[PDB]
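Okay, here we've got a single chain as structure tokens, the form deposited in one PDB entry, with questions on binding and movement later.
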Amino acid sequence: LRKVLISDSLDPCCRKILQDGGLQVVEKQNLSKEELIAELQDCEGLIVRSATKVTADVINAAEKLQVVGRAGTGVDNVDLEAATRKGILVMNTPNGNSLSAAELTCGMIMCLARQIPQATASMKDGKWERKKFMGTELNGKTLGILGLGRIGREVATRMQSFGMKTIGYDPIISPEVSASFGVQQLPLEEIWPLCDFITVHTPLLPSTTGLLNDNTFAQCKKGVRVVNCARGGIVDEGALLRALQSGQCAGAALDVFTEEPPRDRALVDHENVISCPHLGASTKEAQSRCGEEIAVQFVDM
């Protein structure tokens, strides 16, 4: 409402937009509990990235605190329970990470078709394995996009330039909206048998937990390739492993895991699995857009 503390490595645009909105702001970085508490004493708002841990002790000591803003998608460094007990609103910036998440997804799709990460490891091992890494063309193949928000939409328009047929489903996004970006919506039951590739771009909710499971993998065309650059849990990990074992799934690209880092290494260790350590939001550009978005949100209220 009046004063905000930026307590992490943020792009200068964040301070600029807050001040333009009529808010006073203090910019500091890597503070200790007491240092953080002292600065927060006359602040209604708090802006963090990944370094600052917003624990119960910090929350309870900041009596004027009303909003905790995280410049990014995930809110693991913030005690959600302590904030909710105190009536503090916890905000994130999902839009800022959209482009980098969509780009990584497209890169993963290209990696599943041509096994570039596996071919690199092979080359680095002094091997020259041509027959093994015989791949597939993307042109003319069907891409099923489950979740048609900003990320799903950006993935669709990029893969359409490769001549992929983009189909999908989203219960929030209308068929008219998805048709404007060339995505034909079909009932979920009808999507599984048509896809050569399937990508998920939904939030993690009870309705989206295990969207790809033993039953849906069995409805897929044999040799389907799957991408999960959204959130760990949307693809049932045990069902994905069984599908890769039988060959029902020809390959998977995972940027997210139900447990991070995953203690069960069976998926990561599978030869047909490509993975990243949650790098979807890991670009200087996404970080700047999240810094900008959080300042825009704070001004709006």
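Note that the rigid core is defined as the largest set of C-alphas that superpose within 1.5 Å between two forms. Quick note: we count residues from 1 along the sequence shown, nothing fancier.
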Taking the mean of the C-alpha B-factors per stretch from the entry, tell me the winner out of 183-191 and 92-100. 92-100
The stretch whose C-alpha atoms carry the larger average B-factor in the entry, 21-29 or 273-281, is 21-29
Quick one: which of 66, 245, 258, 60 has the biggest Cα B-factor according to the entry? 60
I'd like to know which of 74, 163, 149, 168 has the highest C-alpha temperature factor in the PDB entry. 74
The third of the chain into which the C-alpha temperature factor of residue 112 falls is the lowest
The third of the chain into which the C-alpha temperature factor of residue 84 falls is the highest
Cα B factor band for residue 78 (lowest, middle or highest third within the chain): highest
Should residue 235 be placed in the lowest, middle or highest third of its chain by the C-alpha B factor in the entry? lowest
Going by what the PDB entry lists, where does residue 266 fall on CA B-factor within its chain: lowest, middle or highest third? middle
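Omitted here: the form deposited in another entry. The next part is about that form.
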Does residue 77 shift between this form and the one not shown by 2 angstroms or more at the C-alpha, the core having been superposed? yes
Compare the position of the CA of residue 15 between this form and the one not shown after a rigid core fit and state whether the shift reaches 2 Å. yes
